[PDB]
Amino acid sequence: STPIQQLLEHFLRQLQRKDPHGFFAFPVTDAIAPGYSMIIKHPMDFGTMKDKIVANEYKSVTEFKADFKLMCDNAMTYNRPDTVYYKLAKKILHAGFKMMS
């Protein structure tokens, strides 16, 4: 593993600790989220981010942060503000960017 892979594995571990229920662990299915795939053009989740680190697809911390923000933005687009998913997406977006400095 490269220096960037080691750092992103560290960041991903610290970000997933902020989602103890695993709401963001795996891709959102149309089965659990009616019409999700037709509303959200660029789905993202922590599991896909792990796969991209292992595949060495992140060539900068900037690219990794953009996928984390995408995941949070998707949840805040699809879910109404009064929902568990919206509130956790907003919480971990801010806390996550602070953690990564």
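For every residue, the number given is its place in the sequence shown, counted from 1. Rigid core: the largest C-alpha set superposing within 1.5 Å between the two forms.
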Any chance you could tell me whether 64-72 or 31-39 drifts more in 9 other deposited structures of this protein, judged by RMS CA distance from this form after superposing on the core? 31-39
Mean C-alpha B-factor higher for 46-54, or for 28-36? 28-36
Could you check which stretch, 62-70 or 37-45, carries the larger mean CA temperature factor in the entry? 37-45
Which one of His10, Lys90, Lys18, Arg80 shows the biggest C-alpha B-factor in the PDB entry? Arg80
